[PDB]
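Take a look at this one chain, the form deposited without the ligand, written out in structure tokens.
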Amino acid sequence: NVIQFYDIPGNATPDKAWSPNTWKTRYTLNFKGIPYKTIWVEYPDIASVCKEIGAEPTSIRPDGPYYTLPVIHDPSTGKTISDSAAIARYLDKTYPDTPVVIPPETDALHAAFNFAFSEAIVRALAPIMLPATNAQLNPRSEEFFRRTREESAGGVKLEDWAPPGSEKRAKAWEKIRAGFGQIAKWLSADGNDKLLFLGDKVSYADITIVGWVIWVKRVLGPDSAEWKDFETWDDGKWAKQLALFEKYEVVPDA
């Protein structure tokens, strides 16, 4: 009886996997070779499923506990884990013979990296990416996603976040390119232009990047103008990492 892996369906692709949050863990399970089954739940189901299986919320907010995916339940140990970074630490230690993604000496720098990456990338992607992922959600997730996200933006309709060919959208793209530009700098800060943070071996930091990057690719569309422009950034560095992880960019069709 294998790992239970929870995920939100979308219509961007045939295999239904789009979310950057879950793709970090999907990459992580795939790269570790750990077998798992996928359980597909809608955005408004996430809290309800989490209470059913004993998943901790990932943040406390004035509204109460706030539940997100990825979540895995390990019947082999009875433990349920939320937040892809906690998942990763869990998989590392519960399955020591798999490729380790967070070497202990680098654990706290990985925690610092997650904040750095959240500040540089995640907030920049949102004005373009959230309206776009709303458009490929199932209707029941779309009603929930549009409502909560529009509310979180102080009431601004999704259609007005960054409409195409507008100046708003151009400045959002500019801010996204500048974020990835810093990661490029981090990856070359000592004269060695790396694709992987540790040099030669895969780390969870690399998985974080391709998790969020594959989201842009699959939801904006591989054949879209904006994605084809993305793969030319920083002489193709992000396309190249995607390439390096392509053999783990798979939904085993659970």
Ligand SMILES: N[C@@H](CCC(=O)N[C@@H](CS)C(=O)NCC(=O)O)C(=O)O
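Heads up: residue numbers just count along the shown sequence, starting at 1.
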>> Regarding 205-213 and 64-72, which shows the higher C-alpha temperature factor on average in the entry?
In response: 64-72
> Can you tell me which stretch has the higher mean Cα B-factor, 216-224 or 55-63?
Replying inline: 55-63
> Based on the entry's values, in what third of the chain does the Cα temperature factor of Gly78 lie: lowest, middle or highest?
Replying inline: highest
> Based on the entry's values, in what third of the chain does the Cα temperature factor of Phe115 lie: lowest, middle or highest?
Replying inline: lowest
>> Ranking the modelled residues of this chain by C-alpha B-factor as given in the entry, is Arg177 in the lowest, middle or highest third?
In response: middle
>> For the chain shown, is the CA B-factor of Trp233 in the lowest, middle or highest third of its modelled residues?
In response: highest
> Relative to the other modelled residues in the chain, which third contains the C-alpha temperature factor of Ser48: lowest, middle or highest?
Replying inline: highest
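Another form exists, solved in complex with the ligand; not displayed. Remarks below refer to it.
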>> If we define contact as a non-hydrogen atom of the residue within 4.5 angstroms of the partner, is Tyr43 a contact of the ligand in the deposited bound form?
In response: yes
> For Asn21, is any heavy atom within 4.5 Å of the ligand in the deposited bound form, or not?
Replying inline: yes
> So in the deposited bound form, does any heavy atom of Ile8 sit within 4.5 Å of the ligand?
Replying inline: yes
> Wondering, does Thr68 line up within 4.5 Å of the ligand in the deposited bound form on heavy atoms?
Replying inline: yes
> Which one, 43-51, 26-34, 182-190, 224-232, holds residues whose non-hydrogen atoms are within 4.5 Å of the ligand in the deposited bound form?
Replying inline: 43-51
> Using a 4.5 Å cut on heavy atoms, which of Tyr95, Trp173, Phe144, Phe117 is close to the ligand in the deposited bound form?
Replying inline: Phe144
> the ligand isn't shown here, but in the deposited bound form which of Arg169, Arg149, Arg89, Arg177 has a heavy atom within 4.5 Å of it?
Replying inline: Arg149
